[PDB]
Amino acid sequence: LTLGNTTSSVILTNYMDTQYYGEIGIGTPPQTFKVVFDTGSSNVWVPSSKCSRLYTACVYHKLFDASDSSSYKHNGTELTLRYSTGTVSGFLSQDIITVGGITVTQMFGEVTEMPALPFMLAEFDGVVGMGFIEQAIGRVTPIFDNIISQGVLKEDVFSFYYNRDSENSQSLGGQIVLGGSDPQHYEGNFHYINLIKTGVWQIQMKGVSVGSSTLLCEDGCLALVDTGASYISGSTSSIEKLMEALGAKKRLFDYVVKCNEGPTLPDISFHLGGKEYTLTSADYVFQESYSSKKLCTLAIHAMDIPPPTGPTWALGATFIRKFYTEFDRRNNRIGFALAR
């Protein structure tokens, strides 16, 4: 490990509080893609020129064209990438990738199979896995390892700020710091939790309270800290119980409550390390209305993550909105501070 004196930031766009993406460039000259920075995965992919326009997703996203890059290096190894919500398929390529100020040689997937559902609903083109080589499909070096290799980053850490949505155009949707934190976006002190293990951004969670009573994960459980999850997620059994406690009806893909009932819904806490991390109903309800007649989604849903990572809680954007999160690869731990 070699440390320099460079901090590098990635400005992020907040789509509807569910999609947080920033811009990278690939090739000479650069081709730009909107990408989700996903601690729950370890590959880079963007859609490919070689994707059939029979995938309507590829018609509606930026496509990497290797025939327009003078820094492309062929590989052509196939790979399938499996995500919580959908699956993509293609082949491996090498090129120069620009992220913040930093230029790195990176192996990445050219995706050629991009299902209409759900990629038609994606503001973003691709994904930059911020996880560990142990999770990388085709055991490819993840972009963060490659930047650390360059010995320019002041620290072997990266931090996430996820703003609330804003009408105002001049609002900052989010910020990734590579090699640091931005003290302009948190307050009080970081509180750290060491990982179950190296190779996954997962930590021991002691309890979930719904207002008064610890009626979930009573013994102890797993929390994946997943900058690529829109929501906080537990396992079908954890949730259909959580929601029964809240008084929430179960729709096909999410839980809802009558909008009128939303604001008085109880606090939800998360025992991580020392501190108890609490969310108000404001923090976990899409309060889009106050009418008893209309229905309001909650930012918590069922996610059955398969082993060996699963089953686990996923703490995504619902949680990171309140808690500025610092991923410390140096000491294998996650820092949390109160966001501002």
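Position 1 is the first residue in the sequence shown; the rest follow in order. Think of the rigid core as the biggest set of C-alphas that the two forms share within 1.5 Å after superposition.
Undergrad: I'd like to know which segment deviates more from the shown structure in 9 other deposited structures of this protein: 13-21 or 322-330, using C-alpha RMS over all structures and residues after a core fit.
TA: Stretch with the larger root mean square C-alpha distance in 9 other deposited structures of this protein: 13-21.
Undergrad: Do the Cα atoms of 79-87 or those of 217-225 sit farther, on average, from the shown form in 9 other deposited structures of this protein after fitting on the core?
TA: Checking 79-87 against 217-225 in 9 other deposited structures of this protein, I find the farther stretch is 79-87.
Undergrad: Decide, for the other PDB entries of this protein that were compared, whether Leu3 is missing from at least a third of their models.
TA: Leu3: unmodelled in at least a third of the other compared entries.
Undergrad: Coordinates for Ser171 lacking in at least a third of the other PDB entries compared?
TA: In at least a third of the comparable entries (those modelling both sides of it), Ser171 has no coordinates.
Undergrad: Quick one: say whether 222-230 or 239-247 has the higher mean Cα B-factor in the deposited entry.
TA: Comparing averages over the C-alpha atoms only gives 239-247.
Undergrad: Check the entry's C-alpha temperature factors for 19-27 and 6-14, then say which stretch has the higher mean.
TA: Comparing 19-27 with 6-14, the higher mean C-alpha B-factor belongs to 6-14.
Undergrad: Compare the CA B factors listed in the entry for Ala57, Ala302, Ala282, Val44 and report the winner.
TA: Largest recorded C-alpha B-factor: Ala302.
Undergrad: Which one of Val104, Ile176, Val111, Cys217 shows the top CA temperature factor in the record?
TA: Checking the PDB record, the top C-alpha B-factor among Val104, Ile176, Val111, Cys217 is at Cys217.
Undergrad: State the tercile, meaning the lowest, middle or highest third, of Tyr277 with respect to the CA B-factors recorded for its chain.
TA: Tercile = middle for this residue's CA B-factor.
Undergrad: Going by the entry, which third of its chain does the Cα temperature factor of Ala339 land in?
TA: Answer is lowest: the recorded C-alpha B-factor places it there.
Undergrad: Can you tell me which third, lowest, middle or highest, the CA B-factor of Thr318 falls into for its chain?
TA: Ranked within chain, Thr318 CA B lands in the lowest tercile.
Undergrad: Which third of the chain does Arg164 land in by C-alpha B-factor: lowest, middle or highest?
TA: It falls in the middle third of the chain.
Undergrad: Sort the modelled residues of this chain by their C-alpha B factor and say whether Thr309 lands in the lowest, middle or highest third.
TA: Highest third.
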